[PDB]
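K.L.:
First the structure, then my questions, so here it is.
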Amino acid sequence: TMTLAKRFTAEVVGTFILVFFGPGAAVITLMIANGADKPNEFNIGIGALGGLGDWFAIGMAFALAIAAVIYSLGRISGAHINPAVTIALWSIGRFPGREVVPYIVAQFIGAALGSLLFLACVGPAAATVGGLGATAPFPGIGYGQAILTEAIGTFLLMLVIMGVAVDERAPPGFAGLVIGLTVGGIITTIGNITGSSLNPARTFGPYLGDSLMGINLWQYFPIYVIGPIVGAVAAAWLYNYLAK
Amino acid sequence: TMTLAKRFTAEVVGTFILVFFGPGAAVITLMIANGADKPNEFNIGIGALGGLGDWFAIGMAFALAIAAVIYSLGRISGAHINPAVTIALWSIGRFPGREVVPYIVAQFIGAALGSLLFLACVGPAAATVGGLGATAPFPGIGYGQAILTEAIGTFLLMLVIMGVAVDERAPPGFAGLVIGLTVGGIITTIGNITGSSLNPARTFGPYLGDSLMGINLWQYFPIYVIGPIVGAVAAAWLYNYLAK
Amino acid sequence: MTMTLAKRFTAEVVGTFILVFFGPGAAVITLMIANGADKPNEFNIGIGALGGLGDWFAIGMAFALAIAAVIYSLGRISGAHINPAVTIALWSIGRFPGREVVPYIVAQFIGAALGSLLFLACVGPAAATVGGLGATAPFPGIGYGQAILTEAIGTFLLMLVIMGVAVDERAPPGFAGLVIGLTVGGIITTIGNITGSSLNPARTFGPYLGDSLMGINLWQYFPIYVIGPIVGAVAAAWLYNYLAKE
Amino acid sequence: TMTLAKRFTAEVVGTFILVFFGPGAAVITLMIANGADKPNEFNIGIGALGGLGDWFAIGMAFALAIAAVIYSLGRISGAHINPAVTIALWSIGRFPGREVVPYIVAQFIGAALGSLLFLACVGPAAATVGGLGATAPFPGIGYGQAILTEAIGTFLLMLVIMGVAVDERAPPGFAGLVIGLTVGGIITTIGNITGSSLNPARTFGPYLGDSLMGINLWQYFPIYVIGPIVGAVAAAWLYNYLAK
Ligand SMILES: CCCCCCCCO[C@@H]1O[C@H](CO)[C@@H](O)[C@H](O)[C@H]1O
Ligand SMILES: CCCCCCCCO[C@@H]1O[C@H](CO)[C@@H](O)[C@H](O)[C@H]1O
Ligand SMILES: CCCCCCCCO[C@@H]1O[C@H](CO)[C@@H](O)[C@H](O)[C@H]1O
Ligand SMILES: CCCCCCCCO[C@@H]1O[C@H](CO)[C@@H](O)[C@H](O)[C@H]1O
Ligand SMILES: CCCCCCCCO[C@@H]1O[C@H](CO)[C@@H](O)[C@H](O)[C@H]1O
């Protein structure tokens, strides 16, 4: 088992790729669709040109990136790339408490780096037109519902993480592909309701870049901390109850 | 194995996710596409912006969710999340008769919960504009053809379920992924003909929420009971005849 | 459980039926739902009109996931050839009995006609008059010369995968169905708007029958979907062996 | 191992299929979308009809082709079909130096063949309208950023190649599928920034056909040599540091 110093840097490089490519697709969708007829308020540009196919596109950007990361770095850090996962796994005694805060920091640092680097790669348009793919409720969606859809979202994620990754009886090698594809699915449905974050670090990244680029959104941050965690811890604890 | 009480609650939580995310994509497609030019009668808003890609998006929302459920819960309840499967497996003596009615109830309860919760998450728009993703025949499609396409649909599903899940010679671990992706495929073709239900619990959920939200559609329910069961039992029995 | 030929025949019918019901069935539904939308040039015939190339990947995936489903359920029984070019290619390497090539191809053709006809019944005449029963034929500005070459280059990559992940002893077990299907899905996405990406005489036949039954005669183009696929498959099979041996 | 003569001809036939089908999708997208409303400068026709779904479509054309090639030919040549990979693997002492130049030549020859054959298959339209799918920066993207996005791109690729192919502990059989799907993912995000080449041979092919068809673009070639290599070598070396 690799030194914590190396699992930290593994968690950085992982969450960096999560936030570079995942929310990077959301930006590029918005940027190439910018100008097209948005036929109602609920449609904010994503879906304008490719309908829900735009959301699957985006979900798959996320999924296949997430999968890549697990398959390359999972053996090293565990490939958490998400604080809700770390917190959920800790709440079952599958992760050391001493390492939860160090992991989450590694995730946040990685997320900020991915968001900032994407911004540099594309130009200011990435934020002013793409929002750096930051998550926030959609037209006609309150905070109440926003956390609930984020909890129901991250509940299904963690449930798969238990079933195909943590459980001794899980078929080896499927983990990365399954976990990622699952996220990809969740984004397709949940995307146009809350931006399907499922992940505090993945929300943080853009929020920083945006508020660095003049666009302050931290009002909505709790939705992406409370929602994901209550979903993940719920999933983790339910799993164990059902499987013993 | 796990107590029936726990396989029940496993079947609820499974069918819940099946109906939350699967038909939830259908709703969100319709909602974001609401207002766009529907260039003929046959196009009812799905396909309006993203063409058949909208249907594949939707199918994948389903497929990846279904897969997630099998990989997480299949080890517990069997992950039937569908009464036609349960009835088909019983008709081969692979499932105890004592448990078919308890399973189907668990499925229906889970389906109503997933439909209701999605509704709460989004708002009334989810029903009045999205129809809660309920299945029903498409423009120029009679009841005769609607049960036949639903049979031909659920026939291919069950056939895979025999071939990659029930059969002792099936390559282990591929189950969840293959079965889900297969559904995904069916929806892509059959979607704009009957809404590709393949599943009485998956049709029931929306139908309840809709008729709770003022939109009564139970006229069409037999198409999604008869069609799927005749398809599933036909597949199960054909499989065994061919494989011995 | 090496099942009787009678049962591998009926397995090959039920397999090629699902291949032609769902595969070309997506192509029809694409056309039908997109019917009326602005086709911004000649090369766009309605597929791509609403969902761009995403419409072609949608269609390719309808094919791929159906093909995959078949292999994983019936492969253990008939071999899940569901394609005469495959049977002929495998025979040309002595991996399939000559006595069973003609019986296999007939099973495939019967299954393909049944899938095409059943889809037609399911939807209505619109399925043919508007959807063309998803029959393959060259696209605007594509000659017969190029149409067979793109169909050979197409089915060459298919058969090459079939060798590598299904026929070869050293292939990782269980991946076969998924990989072979997804591969087809890939080929359709690129080749689709050039020839309809048939890769398969039985898959072309099905629609052609239904169409010519519904008044739309297209057999002029059938050789493109017999010659092209076979020359591609037999080439792939024979190249594979040359590369992988002694 | 098979003789080098046969691994050469294996690398030709592989990179041929990479460039025929991969960039072949890009051409067909452009050709069928030719004429449609491009609602801003950043949208050059890809995305016009199917939004980002057009980019995922293209990425999957690539991914599934790449996967096919590894699964069929990887056993023979290693299925590099990419000079940056060969050069990266050499830099770790996993590939013989004597074979790096021969491999790269095989790749280039195979790429030129695939590009030329596609051109022949379709007609001049393939170049004059499709650009033979050649990669080049997008509107508002400088050379500085173009190499950085291509490095960040090919960095993720090689990182997966280490994790699921080179590493002794990698789950067997997942290689082809995972590596290809990963590329597919990268193209979806990076596509509309640089054309997501990740690969000198894959850029070369089109560039030749194009400059044969009157369209000279070699001004941009360094972006697709420097970018990919620096990304691949960085990834390879980082991996080993993290995994020992
Ligand atoms: C205990 C409830 C905490 C809320 C978790 C958020 C995800 C909601 O998920 C729900 O969890 C419930 C558990 O009570 C189950 O009864 C429901 O079927 C399930 O859909
Ligand atoms: C008929 C009088 C009873 C109230 C309606 C059903 C119970 C409340 O339920 C709510 O009703 C709203 C409609 O106003 C919906 O938007 C909500 O999503 C639904 O959950
Ligand atoms: C018999 C079970 C009652 C559960 C309390 C739900 C209260 C929602 O209220 C009512 O429910 C009734 C039954 O669905 C119907 O009259 C209407 O759908 C609804 O207005
Ligand atoms: C240092 C001198 C060693 C000479 C052996 C070189 C032959 C390489 O061998 C090839 O390598 C590929 C990837 O590298 C493998 O995947 C292939 O199976 C194999 O054909
Ligand atoms: C240090 C001596 C140089 C060895 C040359 C490479 C030999 C090929 O080694 C090969 O590596 C591949 C991964 O790329 C795998 O596909 C093969 O299973 C493995 O045998």
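Letters for chains follow the order of the structure tokens (A, B, ...), residue numbers begin at 1 for each chain, and ligand numbers begin at 1 in the order shown.
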Can you tell me which residues surround residue 133 in chain B at a distance of at most 6 Å, considering only C-alpha atoms, apart from same-chain residues fewer than 6 positions away, and format the answer as a list in words?
P.N.:
residues 23, 26 and 27 of chain B
K.L.:
Let's have the selection written as a compact mmCIF listing (two decimals), in the first residue's frame, with N, CA and C atoms.
P.N.:
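In the end it all went to selection16.txt:
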# COMPACT_ATOMS: atom_id res chain seq x y z
N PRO B 23 -37.92 6.74 -16.54
CA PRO B 23 -38.93 7.64 -17.10
C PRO B 23 -38.67 9.12 -16.77
N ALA B 26 -37.27 10.77 -19.74
CA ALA B 26 -38.37 11.06 -20.68
C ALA B 26 -39.08 12.40 -20.37
N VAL B 27 -39.33 12.62 -19.08
CA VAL B 27 -39.93 13.86 -18.61
C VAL B 27 -39.05 15.05 -18.95
K.L.:
Counting only C-alpha atoms, which residues from chain A have an atom at most 7 Å from any atom of chain D, and could you show them as an mmCIF file with N, CA, C and O atoms, in the first residue's frame?
P.N.:
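Saved result, part_31.cif, follows:
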data_model
loop_
_atom_site.group_PDB
_atom_site.id
_atom_site.type_symbol
_atom_site.label_atom_id
_atom_site.label_comp_id
_atom_site.auth_asym_id
_atom_site.auth_seq_id
_atom_site.Cartn_x
_atom_site.Cartn_y
_atom_site.Cartn_z
ATOM 1 N N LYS A 6 1.619 9.964 -1.422
ATOM 2 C CA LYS A 6 1.379 9.561 -2.809
ATOM 3 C C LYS A 6 -0.091 9.318 -3.126
ATOM 4 O O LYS A 6 -0.491 9.463 -4.274
ATOM 5 N N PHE A 21 -12.507 17.556 -17.441
ATOM 6 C CA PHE A 21 -13.234 16.983 -18.559
ATOM 7 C C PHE A 21 -14.749 16.946 -18.324
ATOM 8 O O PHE A 21 -15.535 17.261 -19.233
ATOM 9 N N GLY A 24 -16.084 20.364 -18.140
ATOM 10 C CA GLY A 24 -15.537 20.960 -19.364
ATOM 11 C C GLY A 24 -16.439 20.750 -20.567
ATOM 12 O O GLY A 24 -16.556 21.643 -21.430
ATOM 13 N N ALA A 25 -17.069 19.565 -20.621
ATOM 14 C CA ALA A 25 -18.085 19.253 -21.635
ATOM 15 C C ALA A 25 -19.307 20.162 -21.525
ATOM 16 O O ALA A 25 -19.819 20.619 -22.537
ATOM 17 N N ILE A 28 -18.402 23.492 -23.063
ATOM 18 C CA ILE A 28 -18.316 23.440 -24.517
ATOM 19 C C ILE A 28 -19.695 23.294 -25.167
ATOM 20 O O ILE A 28 -19.940 23.846 -26.235
ATOM 21 N N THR A 29 -20.592 22.559 -24.522
ATOM 22 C CA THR A 29 -21.969 22.485 -24.991
ATOM 23 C C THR A 29 -22.535 23.894 -25.053
ATOM 24 O O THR A 29 -23.014 24.354 -26.099
ATOM 25 N N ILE A 32 -20.779 26.150 -27.816
ATOM 26 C CA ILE A 32 -21.115 25.896 -29.225
ATOM 27 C C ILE A 32 -22.620 26.093 -29.527
ATOM 28 O O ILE A 32 -23.004 26.377 -30.664
ATOM 29 N N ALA A 33 -23.453 25.935 -28.502
ATOM 30 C CA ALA A 33 -24.885 26.158 -28.622
ATOM 31 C C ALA A 33 -25.273 27.626 -28.393
ATOM 32 O O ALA A 33 -26.441 28.004 -28.577
ATOM 33 N N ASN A 34 -24.311 28.453 -27.983
ATOM 34 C CA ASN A 34 -24.581 29.852 -27.659
ATOM 35 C C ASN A 34 -25.093 30.652 -28.853
ATOM 36 O O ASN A 34 -24.370 30.903 -29.820
ATOM 37 N N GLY A 35 -26.353 31.053 -28.759
ATOM 38 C CA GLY A 35 -27.010 31.792 -29.817
ATOM 39 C C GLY A 35 -28.251 31.084 -30.327
ATOM 40 O O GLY A 35 -29.152 31.727 -30.873
ATOM 41 N N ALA A 36 -28.319 29.768 -30.164
ATOM 42 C CA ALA A 36 -29.435 29.011 -30.713
ATOM 43 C C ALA A 36 -30.732 29.268 -29.959
ATOM 44 O O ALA A 36 -30.721 29.673 -28.797
ATOM 45 N N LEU A 49 -29.457 22.407 -29.102
ATOM 46 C CA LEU A 49 -29.101 21.842 -30.408
ATOM 47 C C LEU A 49 -29.261 20.302 -30.468
ATOM 48 O O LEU A 49 -29.799 19.770 -31.454
ATOM 49 N N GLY A 50 -28.826 19.605 -29.421
ATOM 50 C CA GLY A 50 -28.883 18.144 -29.406
ATOM 51 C C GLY A 50 -29.876 17.502 -28.442
ATOM 52 O O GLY A 50 -29.758 16.304 -28.130
ATOM 53 N N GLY A 53 -29.807 14.404 -25.761
ATOM 54 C CA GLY A 53 -28.539 13.903 -26.273
ATOM 55 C C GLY A 53 -27.343 14.768 -25.880
ATOM 56 O O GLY A 53 -26.217 14.289 -25.736
ATOM 57 N N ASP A 54 -27.585 16.051 -25.703
ATOM 58 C CA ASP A 54 -26.572 16.915 -25.133
ATOM 59 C C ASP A 54 -26.247 16.496 -23.694
ATOM 60 O O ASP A 54 -25.089 16.399 -23.329
ATOM 61 N N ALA A 57 -24.344 13.188 -23.765
ATOM 62 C CA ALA A 57 -22.995 13.568 -24.195
ATOM 63 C C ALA A 57 -22.199 13.983 -22.980
ATOM 64 O O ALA A 57 -21.142 13.420 -22.695
ATOM 65 N N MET A 60 -21.477 11.351 -20.391
ATOM 66 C CA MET A 60 -20.519 10.365 -20.869
ATOM 67 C C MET A 60 -19.127 10.957 -20.805
ATOM 68 O O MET A 60 -18.167 10.232 -20.526
ATOM 69 N N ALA A 61 -19.013 12.258 -21.066
ATOM 70 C CA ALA A 61 -17.785 12.950 -20.812
ATOM 71 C C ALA A 61 -17.336 12.665 -19.392
ATOM 72 O O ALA A 61 -16.191 12.275 -19.174
ATOM 73 N N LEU A 64 -16.801 8.418 -18.690
ATOM 74 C CA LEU A 64 -15.649 7.792 -19.286
ATOM 75 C C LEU A 64 -14.358 8.345 -18.686
ATOM 76 O O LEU A 64 -13.371 7.613 -18.591
ATOM 77 N N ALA A 65 -14.385 9.606 -18.253
ATOM 78 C CA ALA A 65 -13.297 10.206 -17.483
ATOM 79 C C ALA A 65 -13.149 9.564 -16.106
ATOM 80 O O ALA A 65 -12.060 9.140 -15.726
ATOM 81 N N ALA A 68 -11.828 6.029 -16.529
ATOM 82 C CA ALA A 68 -10.385 6.124 -16.814
ATOM 83 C C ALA A 68 -9.567 6.286 -15.535
ATOM 84 O O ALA A 68 -8.568 5.586 -15.338
ATOM 85 N N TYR A 71 -9.644 3.077 -13.206
ATOM 86 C CA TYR A 71 -8.789 2.064 -13.832
ATOM 87 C C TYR A 71 -7.288 2.372 -13.786
ATOM 88 O O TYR A 71 -6.480 1.442 -13.803
ATOM 89 N N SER A 72 -6.923 3.656 -13.737
ATOM 90 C CA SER A 72 -5.509 4.042 -13.699
ATOM 91 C C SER A 72 -4.983 4.315 -12.277
ATOM 92 O O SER A 72 -3.847 3.937 -11.931
ATOM 93 N N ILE A 76 -4.132 2.973 -6.504
ATOM 94 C CA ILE A 76 -3.191 3.778 -5.704
ATOM 95 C C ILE A 76 -3.846 4.478 -4.521
ATOM 96 O O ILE A 76 -3.475 4.218 -3.379
ATOM 97 N N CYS A 121 -7.141 27.021 -20.815
ATOM 98 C CA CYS A 121 -7.153 26.342 -22.117
ATOM 99 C C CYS A 121 -8.078 27.011 -23.143
ATOM 100 O O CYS A 121 -7.721 27.148 -24.312
ATOM 101 N N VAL A 122 -9.252 27.442 -22.701
ATOM 102 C CA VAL A 122 -10.299 27.899 -23.622
ATOM 103 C C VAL A 122 -10.363 29.417 -23.770
ATOM 104 O O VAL A 122 -10.465 29.928 -24.884
ATOM 105 N N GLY A 173 -12.710 -6.016 -11.881
ATOM 106 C CA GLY A 173 -12.454 -5.335 -13.136
ATOM 107 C C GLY A 173 -13.618 -4.533 -13.692
ATOM 108 O O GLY A 173 -13.432 -3.657 -14.539
#
K.L.:
Can you pull out every residue within 8 Å of range 198-202 of chain A, counting only C-alpha atoms, but drop anything in the same chain fewer than 2 positions away, and send it as a PyMOL selection string?
P.N.:
chain A and resi 15+18-19+81-84+104+107-108+111+150-151+153-154+196+204-206+221+224-225+227-228
K.L.:
Generate a file of the selected residues that holds N, CA, C and O atoms, formatted as a tab-separated table (two decimals), in the first residue's frame.
P.N.:
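What follows is the written file selection-v6.tsv:
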chain	number	residue	atom	x	y	z
A	15	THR	N	-9.07	14.04	-9.21
A	15	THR	CA	-10.18	15.00	-9.13
A	15	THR	C	-9.98	16.13	-10.13
A	15	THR	O	-10.94	16.76	-10.58
A	18	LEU	N	-11.39	14.73	-13.22
A	18	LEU	CA	-12.83	14.74	-13.05
A	18	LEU	C	-13.38	16.11	-13.42
A	18	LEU	O	-14.31	16.21	-14.22
A	19	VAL	N	-12.80	17.17	-12.85
A	19	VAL	CA	-13.35	18.53	-13.06
A	19	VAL	C	-12.87	19.20	-14.35
A	19	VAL	O	-13.43	20.22	-14.76
A	81	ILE	N	-11.81	10.65	-5.53
A	81	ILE	CA	-12.05	11.90	-6.29
A	81	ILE	C	-13.34	12.63	-5.93
A	81	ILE	O	-13.86	13.41	-6.73
A	82	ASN	N	-13.81	12.41	-4.71
A	82	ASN	CA	-15.12	12.88	-4.26
A	82	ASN	C	-15.20	12.78	-2.74
A	82	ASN	O	-15.08	11.69	-2.19
A	83	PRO	N	-15.39	13.90	-2.05
A	83	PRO	CA	-15.46	13.92	-0.60
A	83	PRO	C	-16.64	13.16	-0.01
A	83	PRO	O	-16.50	12.56	1.04
A	84	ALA	N	-17.79	13.21	-0.67
A	84	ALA	CA	-18.96	12.46	-0.20
A	84	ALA	C	-18.67	10.96	-0.11
A	84	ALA	O	-19.12	10.29	0.82
A	104	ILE	N	-10.06	14.97	1.38
A	104	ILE	CA	-10.99	15.99	0.90
A	104	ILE	C	-10.22	17.21	0.41
A	104	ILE	O	-10.58	17.81	-0.60
A	107	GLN	N	-8.77	16.44	-2.95
A	107	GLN	CA	-9.88	16.55	-3.89
A	107	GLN	C	-10.20	18.01	-4.27
A	107	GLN	O	-10.33	18.34	-5.45
A	108	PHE	N	-10.32	18.87	-3.27
A	108	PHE	CA	-10.58	20.29	-3.50
A	108	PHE	C	-9.46	20.93	-4.31
A	108	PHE	O	-9.72	21.61	-5.30
A	111	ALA	N	-9.65	19.76	-7.83
A	111	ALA	CA	-10.80	20.30	-8.50
A	111	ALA	C	-10.52	21.74	-8.94
A	111	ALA	O	-10.81	22.11	-10.08
A	150	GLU	N	-30.27	15.86	-5.42
A	150	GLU	CA	-28.84	15.58	-5.25
A	150	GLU	C	-28.58	14.43	-4.29
A	150	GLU	O	-27.60	13.71	-4.46
A	151	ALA	N	-29.45	14.25	-3.30
A	151	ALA	CA	-29.33	13.11	-2.38
A	151	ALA	C	-29.75	11.80	-3.06
A	151	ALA	O	-29.04	10.80	-2.95
A	153	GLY	N	-29.71	11.33	-6.15
A	153	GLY	CA	-28.68	11.13	-7.14
A	153	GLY	C	-27.49	10.41	-6.57
A	153	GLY	O	-27.14	9.35	-7.07
A	154	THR	N	-26.90	10.97	-5.51
A	154	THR	CA	-25.65	10.43	-4.92
A	154	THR	C	-25.90	9.14	-4.12
A	154	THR	O	-24.96	8.39	-3.80
A	196	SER	N	-26.60	17.95	-11.64
A	196	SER	CA	-26.08	16.63	-11.23
A	196	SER	C	-24.60	16.68	-10.80
A	196	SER	O	-23.69	16.25	-11.51
A	204	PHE	N	-17.29	22.74	-6.08
A	204	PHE	CA	-16.31	23.73	-5.63
A	204	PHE	C	-15.46	24.28	-6.78
A	204	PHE	O	-15.42	25.46	-6.98
A	205	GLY	N	-14.80	23.40	-7.52
A	205	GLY	CA	-13.90	23.78	-8.62
A	205	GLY	C	-14.38	24.93	-9.48
A	205	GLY	O	-13.76	25.98	-9.48
A	206	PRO	N	-15.46	24.74	-10.24
A	206	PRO	CA	-16.12	25.82	-10.97
A	206	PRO	C	-16.48	27.05	-10.12
A	206	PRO	O	-16.20	28.19	-10.52
A	221	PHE	N	-23.77	26.52	-2.63
A	221	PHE	CA	-22.81	25.49	-2.23
A	221	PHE	C	-23.37	24.44	-1.24
A	221	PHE	O	-23.12	23.24	-1.43
A	224	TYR	N	-24.85	21.28	-2.50
A	224	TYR	CA	-23.90	20.33	-3.06
A	224	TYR	C	-22.95	19.72	-2.04
A	224	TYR	O	-22.10	18.92	-2.40
A	225	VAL	N	-23.14	20.08	-0.78
A	225	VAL	CA	-22.46	19.45	0.35
A	225	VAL	C	-23.46	18.56	1.09
A	225	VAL	O	-23.25	17.36	1.22
A	227	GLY	N	-26.63	17.65	0.25
A	227	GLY	CA	-27.33	16.71	-0.64
A	227	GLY	C	-26.58	15.42	-0.90
A	227	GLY	O	-27.09	14.35	-0.56
A	228	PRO	N	-25.37	15.52	-1.49
A	228	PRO	CA	-24.44	14.38	-1.76
A	228	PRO	C	-24.08	13.52	-0.56
A	228	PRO	O	-24.11	12.30	-0.67
K.L.:
Given the choices C:237, C:53, C:202, C:80, which gets closest to chain D if the distance is worked out from only C-alpha atoms?
P.N.:
C:53
K.L.:
Grab the CA of residue 105 in chain C to CA of residue 128 in chain C distance for me, in Å with one decimal place.
P.N.:
24.6 Å
K.L.:
Listing only residues of range 203-243 of chain D within 12 Å of range 112-116 of chain D, what is the closest atom pair and its distance in Å (to one decimal) for each, using only C-alpha atoms, sorted by chain and residue number ascending, as CSV?
P.N.:
residue,atom,partner,partner_atom,distance
D:203,CA,D:112,CA,9.8
D:204,CA,D:112,CA,7.2
D:205,CA,D:112,CA,4.3
D:206,CA,D:115,CA,5.6
D:207,CA,D:112,CA,8.8
D:208,CA,D:112,CA,6.8
D:209,CA,D:116,CA,6.0
D:210,CA,D:115,CA,9.2
D:211,CA,D:116,CA,11.5
D:212,CA,D:116,CA,9.5
D:213,CA,D:116,CA,10.2
K.L.:
By how many Å are CA of residue 131 in chain B and CA of residue 22 in chain B apart?
P.N.:
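Answer for the CA of residue 131 in chain B to CA of residue 22 in chain B separation: 13.1 Å.
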K.L.:
Any idea what the distance is between CA of residue 144 in chain C and CA of residue 225 in chain C?
P.N.:
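Those two atoms sit 10.4 Å apart.
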K.L.:
Let me see if you get this right: every residue at most 6 Å from ligand 2, counting only C-alpha atoms and all ligand atoms, written as a PyMOL selection string.
P.N.:
chain B and resi 119-120+123-124
K.L.:
Filtering to N, CA and C atoms, could you give me those residues as a PDB file, in the first residue's frame?
P.N.:
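Full text of again_35.pdb as output:
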ATOM      1  N   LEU B 119     -41.668  13.446  -9.272  1.00  0.00           N
ATOM      2  CA  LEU B 119     -42.691  14.523  -9.359  1.00  0.00           C
ATOM      3  C   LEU B 119     -42.387  15.646  -8.361  1.00  0.00           C
ATOM      4  N   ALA B 120     -42.201  15.283  -7.083  1.00  0.00           N
ATOM      5  CA  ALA B 120     -41.864  16.233  -6.004  1.00  0.00           C
ATOM      6  C   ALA B 120     -40.570  16.995  -6.286  1.00  0.00           C
ATOM      7  N   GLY B 123     -41.544  19.362  -9.874  1.00  0.00           N
ATOM      8  CA  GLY B 123     -42.726  20.231  -9.861  1.00  0.00           C
ATOM      9  C   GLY B 123     -43.804  19.603 -10.718  1.00  0.00           C
ATOM     10  N   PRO B 124     -44.994  20.207 -10.754  1.00  0.00           N
ATOM     11  CA  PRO B 124     -46.127  19.696 -11.541  1.00  0.00           C
ATOM     12  C   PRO B 124     -45.819  19.574 -13.038  1.00  0.00           C
TER      13      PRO B 124
END
K.L.:
Using only C-alpha atoms, find which residues of chain C lie within 7 Å of chain B and jot them down as a ChimeraX atom specification.
P.N.:
/C:1,7,22,25-26,29-30,33-37,50-51,54-55,58,61-62,65-66,69,72-74,77,122-123,174
K.L.:
Using only C-alpha atoms and all ligand atoms, determine which residues fall within 9 Å of ligand 4, then list them as a list in words.
P.N.:
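My answer, listing the contacting residues, is residues 1, 2, 3, 4, 7, 73, 74, 75, 76, 77, 78, 79, 80, 86, 89, 93, 94, 95, 96, 97, 98, 99, 165 and 166 of chain D.
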K.L.:
Please report, as a PyMOL selection string, each residue of range 142-189 of chain A to which DSSP assigns helix (DSSP H, G or I) when run on this structure's backbone.
P.N.:
chain A and resi 143-166+175-189
K.L.:
Quick one: write out the picked residues with C-alpha atoms as a CSV table (one decimal), in the first residue's frame?
P.N.:
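The resulting selection27.csv:
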chain,number,residue,atom,x,y,z
A,143,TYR,CA,-33.4,24.6,-2.5
A,144,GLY,CA,-35.6,22.0,-0.8
A,145,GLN,CA,-35.9,19.9,-4.0
A,146,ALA,CA,-32.4,20.7,-5.1
A,147,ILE,CA,-30.8,18.9,-2.1
A,148,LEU,CA,-33.4,16.0,-2.4
A,149,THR,CA,-32.6,15.4,-6.1
A,150,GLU,CA,-28.8,15.6,-5.3
A,151,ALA,CA,-29.3,13.1,-2.4
A,152,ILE,CA,-31.4,10.7,-4.5
A,153,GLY,CA,-28.7,11.1,-7.1
A,154,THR,CA,-25.7,10.4,-4.9
A,155,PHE,CA,-27.6,7.6,-3.2
A,156,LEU,CA,-27.7,5.6,-6.4
A,157,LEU,CA,-24.0,6.4,-7.0
A,158,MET,CA,-22.8,5.2,-3.6
A,159,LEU,CA,-25.0,2.1,-3.7
A,160,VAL,CA,-23.1,1.0,-6.9
A,161,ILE,CA,-19.8,1.9,-5.2
A,162,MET,CA,-20.8,-0.5,-2.4
A,163,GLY,CA,-22.1,-3.2,-4.8
A,164,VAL,CA,-19.3,-3.3,-7.4
A,165,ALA,CA,-16.3,-2.0,-5.5
A,166,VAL,CA,-16.4,-2.3,-1.7
A,175,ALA,CA,-15.7,-1.4,-11.0
A,176,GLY,CA,-14.3,1.5,-13.1
A,177,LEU,CA,-16.5,1.0,-16.1
A,178,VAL,CA,-19.7,0.4,-14.0
A,179,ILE,CA,-19.2,3.2,-11.5
A,180,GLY,CA,-18.6,5.7,-14.3
A,181,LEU,CA,-21.3,4.7,-16.6
A,182,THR,CA,-23.7,4.9,-13.6
A,183,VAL,CA,-22.8,8.6,-13.0
A,184,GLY,CA,-23.2,9.1,-16.8
A,185,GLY,CA,-26.8,7.8,-16.4
A,186,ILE,CA,-27.6,9.9,-13.3
A,187,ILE,CA,-26.4,13.1,-15.1
A,188,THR,CA,-28.7,12.4,-18.1
A,189,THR,CA,-31.8,12.4,-15.9
K.L.:
Name all residues at most 9 Å from residue 9 in chain D (count only C-alpha atoms; drop same-chain ones fewer than 3 positions away) and give them as an NGL selection string.
P.N.:
(:C and (243)) or (:D and (4-6 or 12-14 or 77 or 106 or 110))
K.L.:
Restrict the selected residues to C-alpha atoms and save them as a PDB file, in the first residue's frame.
P.N.:
ATOM      1  CA  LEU C 243      -0.690 -12.285 -38.887  1.00  0.00           C
TER       2      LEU C 243
ATOM      3  CA  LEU D   4       8.743  -7.347 -36.613  1.00  0.00           C
ATOM      4  CA  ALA D   5       7.748  -7.469 -40.300  1.00  0.00           C
ATOM      5  CA  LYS D   6       4.337  -8.715 -39.155  1.00  0.00           C
ATOM      6  CA  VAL D  12      -0.328  -0.254 -40.575  1.00  0.00           C
ATOM      7  CA  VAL D  13      -3.698  -2.063 -40.676  1.00  0.00           C
ATOM      8  CA  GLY D  14      -4.453  -0.717 -37.160  1.00  0.00           C
ATOM      9  CA  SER D  77       1.834  -5.573 -32.558  1.00  0.00           C
ATOM     10  CA  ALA D 106       4.049   1.939 -39.984  1.00  0.00           C
ATOM     11  CA  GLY D 110      -1.369   3.323 -42.216  1.00  0.00           C
TER      12      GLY D 110
END
K.L.:
List as a PyMOL selection string the protein and nucleic acid residues near residue 194 in chain C, meaning an atom at most 8 Å away when only C-alpha atoms are counted, but skip any in the same chain fewer than 5 places from it.
P.N.:
(chain C and resi 138-139+142+147+150) or (chain D and resi 122)
